[PDB]
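A.B. asks: Here you go, coords-v2.tsv (TSV, C-alpha atoms and all ligand atoms):
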```
chain	number	residue	atom	x	y	z
A	85	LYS	CA	21.80	4.02	53.23
A	86	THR	CA	20.83	7.61	52.41
A	87	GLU	CA	20.00	10.04	55.19
A	88	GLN	CA	16.31	9.45	54.48
A	89	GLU	CA	16.71	5.68	54.95
A	90	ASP	CA	18.46	6.19	58.29
A	91	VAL	CA	15.53	8.23	59.60
A	92	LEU	CA	13.01	5.67	58.32
A	93	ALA	CA	15.07	2.97	60.02
A	94	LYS	CA	15.06	5.00	63.22
A	95	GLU	CA	11.27	5.38	63.09
A	96	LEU	CA	10.82	1.66	62.39
A	97	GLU	CA	12.42	1.11	65.80
A	98	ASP	CA	9.02	1.93	67.36
A	99	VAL	CA	7.22	-0.91	65.60
A	100	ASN	CA	6.51	-2.67	68.92
A	101	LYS	CA	4.97	0.49	70.36
A	102	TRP	CA	1.48	1.87	70.43
A	103	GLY	CA	1.53	5.22	68.73
A	104	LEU	CA	4.23	4.61	66.14
A	105	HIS	CA	4.39	7.66	63.81
A	106	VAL	CA	2.69	5.81	60.98
A	107	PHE	CA	2.23	8.98	58.89
A	108	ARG	CA	5.92	9.85	59.12
A	109	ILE	CA	6.79	6.31	58.10
A	110	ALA	CA	4.47	6.72	55.11
A	111	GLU	CA	6.39	9.84	54.01
A	112	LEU	CA	9.89	8.55	54.75
A	113	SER	CA	9.19	5.25	52.95
A	114	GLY	CA	7.96	6.88	49.76
A	115	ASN	CA	4.28	6.05	50.38
A	116	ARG	CA	5.21	2.47	51.18
A	117	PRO	CA	4.09	2.29	54.85
A	118	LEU	CA	2.41	-1.12	54.42
A	119	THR	CA	5.36	-2.78	52.70
A	120	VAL	CA	7.99	-1.62	55.16
A	121	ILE	CA	5.93	-2.08	58.31
A	122	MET	CA	4.91	-5.60	57.23
A	123	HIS	CA	8.46	-6.46	56.22
A	124	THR	CA	9.77	-5.09	59.52
A	125	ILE	CA	7.20	-7.12	61.43
A	126	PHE	CA	7.80	-10.42	59.64
A	127	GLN	CA	11.52	-10.01	60.35
A	128	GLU	CA	10.80	-9.10	63.95
A	129	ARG	CA	8.67	-12.21	64.44
A	130	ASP	CA	11.06	-14.36	62.39
A	131	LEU	CA	8.17	-15.25	60.09
A	132	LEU	CA	10.25	-15.54	56.91
A	133	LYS	CA	12.30	-18.36	58.44
A	134	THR	CA	9.38	-20.09	60.19
A	135	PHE	CA	7.30	-20.31	57.03
A	136	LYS	CA	10.18	-20.26	54.48
A	137	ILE	CA	9.02	-17.08	52.77
A	138	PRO	CA	11.52	-15.84	50.16
A	139	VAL	CA	12.27	-12.24	51.06
A	140	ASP	CA	11.80	-11.21	47.41
A	141	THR	CA	8.39	-12.93	47.20
A	142	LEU	CA	7.29	-11.13	50.36
A	143	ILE	CA	8.39	-7.73	49.07
A	144	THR	CA	6.86	-8.34	45.65
A	145	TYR	CA	3.53	-9.36	47.17
A	146	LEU	CA	3.51	-6.48	49.66
A	147	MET	CA	4.20	-3.87	46.96
A	148	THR	CA	1.44	-5.37	44.82
A	149	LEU	CA	-0.94	-5.47	47.80
A	150	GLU	CA	-0.02	-1.91	48.73
A	151	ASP	CA	-0.51	-0.90	45.08
A	152	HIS	CA	-4.13	-2.05	45.33
A	153	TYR	CA	-5.08	0.38	48.08
A	154	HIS	CA	-6.36	3.59	46.52
A	155	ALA	CA	-3.91	6.46	46.85
A	156	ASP	CA	-6.78	8.94	46.35
A	157	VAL	CA	-8.98	7.71	49.22
A	158	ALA	CA	-8.53	9.87	52.28
A	159	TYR	CA	-8.94	7.27	55.07
A	160	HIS	CA	-9.24	3.69	53.74
A	161	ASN	CA	-5.80	3.57	52.14
A	162	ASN	CA	-2.41	1.88	52.56
A	163	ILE	CA	-1.69	4.04	55.62
A	164	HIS	CA	-4.78	2.75	57.41
A	165	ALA	CA	-3.76	-0.81	56.52
A	166	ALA	CA	-0.21	-0.32	57.77
A	167	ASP	CA	-1.68	1.11	60.98
A	168	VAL	CA	-4.07	-1.83	61.54
A	169	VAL	CA	-1.19	-4.27	60.83
A	170	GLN	CA	1.04	-2.51	63.32
A	171	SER	CA	-1.68	-2.21	65.97
A	172	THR	CA	-2.59	-5.88	65.57
A	173	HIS	CA	1.13	-6.68	65.94
A	174	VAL	CA	1.22	-4.86	69.28
A	175	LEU	CA	-2.03	-6.45	70.53
A	176	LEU	CA	-0.67	-9.93	69.71
A	177	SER	CA	2.29	-9.32	72.01
A	178	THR	CA	0.21	-8.49	75.05
A	179	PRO	CA	1.37	-10.34	78.21
A	180	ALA	CA	-2.04	-11.95	78.88
A	181	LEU	CA	-1.73	-13.73	75.50
A	182	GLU	CA	1.90	-14.90	75.64
A	183	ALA	CA	2.29	-18.42	74.22
A	184	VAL	CA	-1.43	-18.58	73.39
A	185	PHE	CA	-1.34	-18.40	69.60
A	186	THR	CA	0.57	-20.50	67.07
A	187	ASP	CA	2.82	-18.99	64.42
A	188	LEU	CA	0.12	-19.86	61.87
A	189	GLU	CA	-2.51	-18.01	63.91
A	190	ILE	CA	-0.19	-15.01	64.33
A	191	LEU	CA	0.55	-14.98	60.60
A	192	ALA	CA	-3.17	-15.19	59.77
A	193	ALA	CA	-3.98	-12.23	62.02
A	194	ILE	CA	-1.18	-10.08	60.59
A	195	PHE	CA	-1.99	-11.12	57.01
A	196	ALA	CA	-5.71	-10.46	57.55
A	197	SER	CA	-4.87	-6.99	58.87
A	198	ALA	CA	-2.81	-6.16	55.77
A	199	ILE	CA	-5.50	-7.09	53.23
A	200	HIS	CA	-8.47	-6.19	55.38
A	201	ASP	CA	-9.43	-3.04	53.41
A	202	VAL	CA	-7.65	-3.48	50.08
A	203	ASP	CA	-9.28	-1.84	47.03
A	204	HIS	CA	-11.63	0.05	49.30
A	205	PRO	CA	-13.39	2.59	47.05
A	206	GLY	CA	-13.91	5.11	49.86
A	207	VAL	CA	-17.68	4.57	50.15
A	208	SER	CA	-19.77	2.51	52.55
A	209	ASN	CA	-21.44	-0.86	52.13
A	210	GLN	CA	-24.80	0.93	52.30
A	211	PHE	CA	-23.79	3.35	49.54
A	212	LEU	CA	-22.81	0.41	47.37
A	213	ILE	CA	-26.16	-1.32	47.98
A	214	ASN	CA	-28.20	1.87	47.50
A	215	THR	CA	-26.46	2.66	44.22
A	216	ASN	CA	-26.89	-0.85	42.72
A	217	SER	CA	-23.12	-1.21	42.37
A	218	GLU	CA	-21.41	-4.16	40.73
A	219	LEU	CA	-19.85	-5.04	44.10
A	220	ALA	CA	-23.25	-5.15	45.79
A	221	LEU	CA	-24.68	-7.26	42.95
A	222	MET	CA	-21.69	-9.62	43.09
A	223	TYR	CA	-22.02	-10.15	46.85
A	224	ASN	CA	-25.80	-10.01	47.37
A	225	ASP	CA	-25.58	-7.02	49.76
A	226	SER	CA	-23.81	-8.97	52.54
A	227	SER	CA	-20.39	-7.81	53.76
A	228	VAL	CA	-19.86	-6.46	50.24
A	229	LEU	CA	-16.60	-4.59	50.94
A	230	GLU	CA	-15.17	-7.20	53.25
A	231	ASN	CA	-15.75	-10.10	50.83
A	232	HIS	CA	-14.04	-8.06	48.11
A	233	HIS	CA	-11.06	-7.18	50.33
A	234	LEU	CA	-10.63	-10.92	50.90
A	235	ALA	CA	-11.03	-11.88	47.25
A	236	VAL	CA	-8.47	-9.30	46.15
A	237	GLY	CA	-5.98	-10.05	48.91
A	238	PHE	CA	-6.01	-13.79	48.13
A	239	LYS	CA	-6.06	-13.28	44.35
A	240	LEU	CA	-2.89	-11.17	44.45
A	241	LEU	CA	-0.99	-14.19	45.85
A	242	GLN	CA	-1.29	-15.73	42.37
A	243	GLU	CA	0.59	-12.94	40.63
A	244	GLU	CA	4.15	-13.64	39.50
A	245	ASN	CA	6.48	-14.33	42.46
A	246	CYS	CA	3.74	-13.29	44.90
A	247	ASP	CA	2.75	-16.49	46.74
A	248	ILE	CA	4.18	-15.81	50.20
A	249	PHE	CA	2.50	-19.05	51.33
A	250	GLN	CA	4.18	-21.33	48.75
A	251	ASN	CA	5.98	-23.34	51.44
A	252	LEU	CA	3.05	-23.90	53.75
A	253	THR	CA	1.65	-27.40	53.80
A	254	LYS	CA	-1.76	-27.91	52.23
A	255	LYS	CA	-3.18	-28.21	55.75
A	256	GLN	CA	-1.49	-24.96	56.78
A	257	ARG	CA	-2.84	-22.99	53.83
A	258	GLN	CA	-6.33	-24.36	54.32
A	259	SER	CA	-6.42	-23.37	57.98
A	260	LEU	CA	-4.79	-20.00	57.30
A	261	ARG	CA	-7.30	-19.25	54.53
A	262	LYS	CA	-10.31	-19.99	56.76
A	263	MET	CA	-8.89	-17.98	59.66
A	264	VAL	CA	-8.16	-14.96	57.46
A	265	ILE	CA	-11.71	-15.02	56.04
A	266	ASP	CA	-13.18	-15.36	59.52
A	267	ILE	CA	-11.06	-12.42	60.68
A	268	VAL	CA	-11.70	-10.00	57.79
A	269	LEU	CA	-15.46	-10.71	57.72
A	270	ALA	CA	-15.46	-9.70	61.41
A	271	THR	CA	-14.40	-6.15	60.46
A	272	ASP	CA	-17.85	-5.44	59.00
A	273	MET	CA	-19.40	-3.03	61.51
A	274	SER	CA	-22.74	-4.77	61.05
A	275	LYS	CA	-21.15	-7.69	62.96
A	276	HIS	CA	-19.96	-5.46	65.79
A	277	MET	CA	-22.78	-5.89	68.32
A	278	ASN	CA	-22.85	-9.69	68.12
A	279	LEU	CA	-19.04	-9.80	68.14
A	280	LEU	CA	-18.91	-7.64	71.28
A	281	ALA	CA	-21.64	-9.74	72.93
A	282	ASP	CA	-19.54	-12.88	72.44
A	283	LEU	CA	-16.49	-11.08	73.83
A	284	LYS	CA	-18.38	-9.98	76.96
A	285	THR	CA	-19.63	-13.54	77.54
A	286	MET	CA	-16.05	-14.76	77.13
A	287	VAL	CA	-14.80	-12.18	79.65
A	288	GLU	CA	-17.40	-13.18	82.23
A	289	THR	CA	-16.49	-16.89	81.87
A	290	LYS	CA	-12.78	-16.28	81.38
A	291	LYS	CA	-10.43	-19.13	82.30
A	292	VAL	CA	-6.68	-18.68	82.79
A	293	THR	CA	-3.68	-21.02	83.03
A	294	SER	CA	-1.26	-21.58	85.91
A	295	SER	CA	0.93	-18.84	84.43
A	296	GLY	CA	-2.01	-16.41	84.28
A	297	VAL	CA	-2.38	-16.59	80.50
A	298	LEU	CA	-5.69	-16.88	78.67
A	299	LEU	CA	-6.86	-20.43	78.05
A	300	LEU	CA	-8.59	-21.21	74.73
A	301	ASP	CA	-9.50	-24.89	74.13
A	302	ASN	CA	-11.13	-24.64	70.76
A	303	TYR	CA	-11.26	-22.92	67.41
A	304	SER	CA	-14.41	-21.05	68.34
A	305	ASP	CA	-12.75	-19.22	71.25
A	306	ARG	CA	-9.37	-18.71	69.55
A	307	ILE	CA	-10.85	-17.25	66.36
A	308	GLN	CA	-13.23	-15.03	68.31
A	309	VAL	CA	-10.25	-13.55	70.17
A	310	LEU	CA	-8.39	-12.94	66.90
A	311	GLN	CA	-11.50	-11.48	65.23
A	312	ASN	CA	-12.02	-9.01	68.07
A	313	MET	CA	-8.31	-8.27	68.18
A	314	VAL	CA	-8.18	-7.12	64.56
A	315	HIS	CA	-11.52	-5.39	65.09
A	316	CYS	CA	-10.03	-3.43	68.02
A	317	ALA	CA	-7.04	-2.56	65.83
A	318	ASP	CA	-9.39	-1.36	63.10
A	319	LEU	CA	-11.07	0.88	65.70
A	320	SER	CA	-7.89	1.87	67.51
A	321	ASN	CA	-7.59	5.45	66.22
A	322	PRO	CA	-9.35	7.11	69.20
A	323	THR	CA	-6.97	5.20	71.52
A	324	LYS	CA	-3.83	6.63	69.96
A	325	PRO	CA	-1.84	9.77	70.88
A	326	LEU	CA	-4.01	12.78	70.16
A	327	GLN	CA	-1.94	14.05	67.23
A	328	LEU	CA	-2.34	10.67	65.50
A	329	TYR	CA	-6.06	10.45	66.37
A	330	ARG	CA	-6.92	13.93	65.06
A	331	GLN	CA	-5.31	13.18	61.70
A	332	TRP	CA	-7.35	9.98	61.39
A	333	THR	CA	-10.47	12.02	62.15
A	334	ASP	CA	-9.63	14.60	59.47
A	335	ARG	CA	-9.17	11.79	56.97
A	336	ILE	CA	-12.33	9.84	57.79
A	337	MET	CA	-14.37	13.03	57.66
A	338	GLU	CA	-13.00	14.01	54.26
A	339	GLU	CA	-13.82	10.53	52.94
A	340	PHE	CA	-17.33	10.62	54.43
A	341	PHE	CA	-17.81	14.10	52.94
A	342	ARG	CA	-16.79	12.95	49.47
A	343	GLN	CA	-19.33	10.13	49.75
A	344	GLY	CA	-21.96	12.70	50.67
A	345	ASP	CA	-21.00	14.74	47.59
A	346	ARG	CA	-21.57	11.67	45.41
A	347	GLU	CA	-24.92	11.16	47.16
A	348	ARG	CA	-25.59	14.85	46.44
A	349	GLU	CA	-24.90	14.62	42.69
A	350	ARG	CA	-27.20	11.56	42.55
A	351	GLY	CA	-30.20	13.10	44.33
A	352	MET	CA	-29.91	10.71	47.26
A	353	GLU	CA	-30.50	11.39	50.94
A	354	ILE	CA	-27.08	12.20	52.40
A	355	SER	CA	-25.99	9.49	54.81
A	356	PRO	CA	-25.22	10.33	58.46
A	357	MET	CA	-21.77	11.96	58.90
A	358	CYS	CA	-21.47	12.64	55.18
A	359	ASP	CA	-23.09	16.08	54.93
A	360	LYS	CA	-20.31	18.67	54.92
A	361	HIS	CA	-22.99	21.36	55.24
A	362	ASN	CA	-24.53	19.87	58.41
A	363	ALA	CA	-21.66	18.07	60.14
A	364	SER	CA	-20.65	17.91	63.79
A	365	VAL	CA	-17.24	16.26	63.71
A	366	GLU	CA	-16.56	16.62	67.42
A	367	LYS	CA	-19.96	15.44	68.63
A	368	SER	CA	-19.83	12.48	66.24
A	369	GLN	CA	-16.41	11.39	67.53
A	370	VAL	CA	-17.69	11.50	71.11
A	371	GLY	CA	-20.76	9.48	70.14
A	372	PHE	CA	-18.74	6.88	68.25
A	373	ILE	CA	-16.43	6.46	71.25
A	374	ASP	CA	-19.36	6.24	73.65
A	375	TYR	CA	-21.54	3.85	71.67
A	376	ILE	CA	-18.88	1.80	69.85
A	377	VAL	CA	-15.20	2.33	70.52
A	378	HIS	CA	-15.18	2.50	74.32
A	379	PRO	CA	-17.60	-0.43	74.88
A	380	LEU	CA	-15.31	-2.51	72.70
A	381	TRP	CA	-11.97	-1.44	74.20
A	382	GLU	CA	-13.27	-1.59	77.79
A	383	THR	CA	-14.25	-5.21	77.15
A	384	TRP	CA	-10.91	-6.00	75.47
A	385	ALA	CA	-9.22	-4.32	78.46
A	386	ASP	CA	-11.16	-6.68	80.76
A	387	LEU	CA	-10.02	-9.69	78.72
A	388	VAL	CA	-6.30	-8.86	79.12
A	389	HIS	CA	-6.43	-6.85	82.36
A	390	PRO	CA	-4.37	-4.92	83.09
A	391	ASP	CA	-2.27	-5.11	79.91
A	392	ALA	CA	-4.37	-2.50	78.05
A	393	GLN	CA	-4.96	0.00	80.85
A	394	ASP	CA	-2.88	2.77	79.23
A	395	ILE	CA	-4.54	2.34	75.83
A	396	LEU	CA	-7.89	2.58	77.59
A	397	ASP	CA	-6.81	5.65	79.57
A	398	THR	CA	-5.65	7.37	76.38
A	399	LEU	CA	-9.05	6.59	74.85
A	400	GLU	CA	-10.79	8.19	77.82
A	401	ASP	CA	-8.57	11.30	77.73
A	402	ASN	CA	-9.13	11.66	73.99
A	403	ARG	CA	-12.88	11.37	74.51
A	404	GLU	CA	-12.77	14.03	77.23
A	405	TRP	CA	-10.73	16.25	74.91
A	406	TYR	CA	-13.14	16.03	71.97
A	407	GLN	CA	-16.01	16.51	74.41
A	408	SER	CA	-14.32	19.63	75.80
A	409	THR	CA	-14.30	21.27	72.38
A	410	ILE	CA	-18.07	20.98	71.82
A	411	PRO	CA	-19.54	23.49	74.36
B	1	LIG	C1	-24.25	6.75	61.55
B	1	LIG	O1	-23.49	5.90	62.42
B	1	LIG	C2	-22.20	6.32	62.66
B	1	LIG	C3	-22.01	7.49	63.41
B	1	LIG	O2	-23.06	8.14	63.97
B	1	LIG	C4	-20.73	7.97	63.63
B	1	LIG	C5	-19.65	7.27	63.11
B	1	LIG	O3	-18.41	7.84	63.37
B	1	LIG	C6	-17.25	7.25	62.93
B	1	LIG	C7	-16.08	7.90	63.29
B	1	LIG	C8	-14.87	7.35	62.89
B	1	LIG	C9	-14.80	6.15	62.15
B	1	LIG	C10	-16.01	5.50	61.80
B	1	LIG	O4	-15.95	4.34	61.08
B	1	LIG	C11	-17.26	6.06	62.19
B	1	LIG	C12	-18.55	5.40	61.85
B	1	LIG	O5	-18.58	4.38	61.18
B	1	LIG	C13	-19.79	6.08	62.37
B	1	LIG	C14	-21.13	5.59	62.15
B	1	LIG	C15	-21.44	4.28	61.45
B	1	LIG	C16	-21.66	3.16	62.44
B	1	LIG	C17	-22.26	2.00	62.23
B	1	LIG	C18	-22.84	1.61	60.90
B	1	LIG	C19	-22.41	0.97	63.31
B	1	LIG	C20	-13.49	5.61	61.85
B	1	LIG	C21	-12.40	6.19	62.33
B	1	LIG	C22	-12.46	7.36	63.28
B	1	LIG	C23	-11.39	8.39	62.97
B	1	LIG	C24	-12.38	6.89	64.72
B	1	LIG	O6	-13.74	8.07	63.16
B	2	MG	MG	-13.20	-2.17	56.35
B	3	ZN	ZN	-10.36	-0.88	58.32
```
In structure tokens, write the structure found in this file.
C.D. replies:
Amino acid sequence: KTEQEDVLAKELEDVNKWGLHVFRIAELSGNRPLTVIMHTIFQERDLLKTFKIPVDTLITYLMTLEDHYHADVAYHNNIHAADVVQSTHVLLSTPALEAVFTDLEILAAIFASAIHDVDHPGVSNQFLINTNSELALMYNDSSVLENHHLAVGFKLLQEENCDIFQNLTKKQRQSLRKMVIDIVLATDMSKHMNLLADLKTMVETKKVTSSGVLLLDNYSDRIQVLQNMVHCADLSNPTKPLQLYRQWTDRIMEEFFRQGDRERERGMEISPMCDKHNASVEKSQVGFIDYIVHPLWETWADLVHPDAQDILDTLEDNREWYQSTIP
């Protein structure tokens, strides 16, 4: 190992921890954060042995999947996907969910997190509809990005030596496929309110086992937990250490701004958050936390109480900090 590989290996020791230095791992890995975090996680969960995944097929698929995130998109890139994968991996290990999910369900959630934004062009669903894009025409204006992320992520499995599921039974693949689709479609923000409503209902009627672990009889409850889990991981930036959070805010703002520039050059009304001439980055973060991120994470906290109390406290501190900069 070179000196660089020893440092990367040292950083990969935090893969079970909230607030892994995902940006450092991106650098140290040669802009391969998604490949090496996914590989590290499959080895940590013993997923190659369980599902008989050839290590070379895994790496080949991951590189190809990573290749299909856009290096020139400021936020929705391979780093974001590595971060959602890693955050989902931590959420799966929460005490209140020990022994709840099967290895197939855990693999579906981690796989869904990896592909969940692949080939993202850096512009919103609404932009794609408003501009009469091929994607919007293909998908009839409904979860346009999220359907595409799924189609690409599954299609790459067909490339040469890329089918990491080749040793699953036909039943296993079928169930995994449906779960992944269910999970990635749940990342569309236009599903957020109804997804949170179901999660609140579940919290209020929560049933536990004799060990104190969540009890989920049926597909409907199990998939809804997984959907919200990946959704929380997708919206986990404000819950991270401040120096991670602020970098995610810089990147999402740059990407929103470049969408607003494209709306400018096309004579369109500039979407909220996308006008770099009338922006309010701090106030918008506080609003997003207050109307979206905190309602979601407070409810997830309730579901697994008290496993997530520190994540929720970091969220609240980060909100107070952004708030404190406004006046
Ligand atoms: C117009 O609706 C908004 C809005 O007012 C603010 C928004 O702010 C966001 C801030 C974000 C991120 C966001 O996705 C948003 C928003 O989407 C956002 C939106 C759009 C909201 C909806 C369509 C429900 C992602 C990562 C971090 C770094 C946490 O920053
Ligand atoms: Mg997305
Ligand atoms: Zn995402």
A.B. asks: What's the 6 Å shell around range 228-231 of chain A, counting all atoms listed in the file, without same-chain residues fewer than 5 positions away, as a PyMOL selection string?
C.D. replies: chain A and resi 220+223+269
A.B. asks: Pick out the residues sitting within 10 Å of residue 315 in chain A, and hand them over as JSON, numbers by chain; count only C-alpha atoms, and ignore anything fewer than 2 positions along from it in its own chain.
C.D. replies: {"A": [168, 172, 197, 267, 268, 269, 270, 271, 272, 273, 276, 279, 280, 309, 310, 311, 312, 313, 317, 318, 319, 320, 380, 381]}
A.B. asks: I'd like a table as CSV: residues in chain A with an atom no more than 7 Å from ligand ZN 3 (chain B), each row giving the shortest atom pair and its distance in Å to one decimal, all atoms listed in the file counted, sorted by chain and rising residue number.
C.D. replies:
```
residue,atom,partner,partner_atom,distance
A:160,CA,B:ZN3,ZN,6.6
A:164,CA,B:ZN3,ZN,6.7
A:165,CA,B:ZN3,ZN,6.8
A:200,CA,B:ZN3,ZN,6.4
A:201,CA,B:ZN3,ZN,5.4
A:271,CA,B:ZN3,ZN,7.0
A:318,CA,B:ZN3,ZN,4.9
```
A.B. asks: Considering all atoms listed in the file, return as number ranges by chain whatever protein or nucleic-acid residues lie within 10 Å of range 325-337 of chain A, sequence-local ones (same chain, fewer than 4 positions apart) excluded.
C.D. replies: A: 102-107, 157-160, 164, 206, 320-321, 341-343, 357-360, 363, 365-366, 369, 395, 398-399, 401-403, 405-406
A.B. asks: Measuring atom to atom with only C-alpha atoms and all ligand atoms, identify which of A:133, A:348, A:378, A:361 is nearest to ligand LIG 1 (chain B).
C.D. replies: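 Smallest separation from ligand LIG 1 (chain B) among the options: A:378.
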A.B. asks: Rank nothing, just name the residue among A:170, A:161, A:214, A:289 nearest to residue 123 in chain A, using only C-alpha atoms.
C.D. replies: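 Looking only at the distances to residue 123 in chain A, the closest residue turns out to be A:170.
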A.B. asks: Quick check, in Å to one decimal: how far apart do CA of residue 355 in chain A and CA of residue 218 in chain A lie?
C.D. replies: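 One can read the CA of residue 355 in chain A to CA of residue 218 in chain A distance as 20.1 Å.
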A.B. asks: Could you pull the residues within 6 Å of residue 162 in chain A, counting all atoms listed in the file, minus those fewer than 3 positions along the same chain, as a PyMOL selection string?
C.D. replies: chain A and resi 118+150+153+165
A.B. asks: Using all atoms listed in the file, which of the listed residues (A:410, A:388, A:222, A:241) sits closest to residue 367 in chain A?
C.D. replies: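 The shortest atom-to-atom distance to residue 367 in chain A comes from A:410.
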A.B. asks: Would you list the residues near (-7.2, -2.5, 45.1), meaning any protein, DNA or RNA residue with an atom at most 10 Å from that point in file coordinates, counting only C-alpha atoms, as a ChimeraX atom specification?
C.D. replies: /A:148-155,161-162,199,201-205,232-233,236-237,240
A.B. asks: Can I get the selected residues back with C-alpha atoms, as a compact mmCIF listing (two decimals), keeping the file's coordinate frame?
C.D. replies:
```
# COMPACT_ATOMS: atom_id res chain seq x y z
CA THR A 148 1.44 -5.37 44.82
CA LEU A 149 -0.94 -5.47 47.80
CA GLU A 150 -0.02 -1.91 48.73
CA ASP A 151 -0.51 -0.90 45.08
CA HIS A 152 -4.13 -2.05 45.33
CA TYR A 153 -5.08 0.38 48.08
CA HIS A 154 -6.36 3.59 46.52
CA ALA A 155 -3.91 6.46 46.85
CA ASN A 161 -5.80 3.57 52.14
CA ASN A 162 -2.41 1.88 52.56
CA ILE A 199 -5.50 -7.09 53.23
CA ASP A 201 -9.43 -3.04 53.41
CA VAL A 202 -7.65 -3.48 50.08
CA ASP A 203 -9.28 -1.84 47.03
CA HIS A 204 -11.63 0.05 49.30
CA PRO A 205 -13.39 2.59 47.05
CA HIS A 232 -14.04 -8.06 48.11
CA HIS A 233 -11.06 -7.18 50.33
CA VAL A 236 -8.47 -9.30 46.15
CA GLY A 237 -5.98 -10.05 48.91
CA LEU A 240 -2.89 -11.17 44.45
```
A.B. asks: Taking only C-alpha atoms into account, which of A:173, A:254, A:129, A:116 comes nearest residue 99 in chain A?
C.D. replies: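 Nearest candidate to residue 99 in chain A out of A:173, A:254, A:129, A:116: A:173.
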A.B. asks: From the list A:265, A:181, A:385, A:376, which residue is nearest ligand LIG 1 (chain B) when using only C-alpha atoms and all ligand atoms?
C.D. replies: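 When distances to ligand LIG 1 (chain B) are compared using only C-alpha atoms and all ligand atoms, the smallest one comes from A:376.
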A.B. asks: In terms of the shortest atom-to-atom distance over all atoms listed in the file, which of A:290, A:275, A:306, A:261 is closest to ligand MG 2 (chain B)?
C.D. replies: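 Smallest distance to ligand MG 2 (chain B) is found for A:275.
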A.B. asks: Between atom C21 of ligand LIG 1 (chain B) and CA of residue 143 in chain A, what is the distance in Å, rounded to a tenth?
C.D. replies: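 Between these atoms lies a distance of 28.3 Å.
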A.B. asks: Give me the residues near range 242-253 of chain A as a PyMOL selection string, where near means some atom within 9 Å (using all atoms listed in the file) and where sequence neighbours in that chain fewer than 2 positions away do not count.
C.D. replies: chain A and resi 135-146+148+238-240+255-258
A.B. asks: Using all atoms of range 346-365 of chain A that appear in the file, construct an axis-aligned enclosing box with 5 Å of padding on every side and provide its centre coordinates and edge lengths in Å, rounded to one decimal, as AutoDock Vina command-line options.
C.D. replies:
```
--center_x -23.9 --center_y 15.4 --center_z 53.2 --size_x 23.3 --size_y 21.9 --size_z 31.2
```
A.B. asks: How far is it from atom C18 of ligand LIG 1 (chain B) to CA of residue 262 in chain A, in Å with one decimal?
C.D. replies: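 Here the two named atoms are 25.3 Å from each other.
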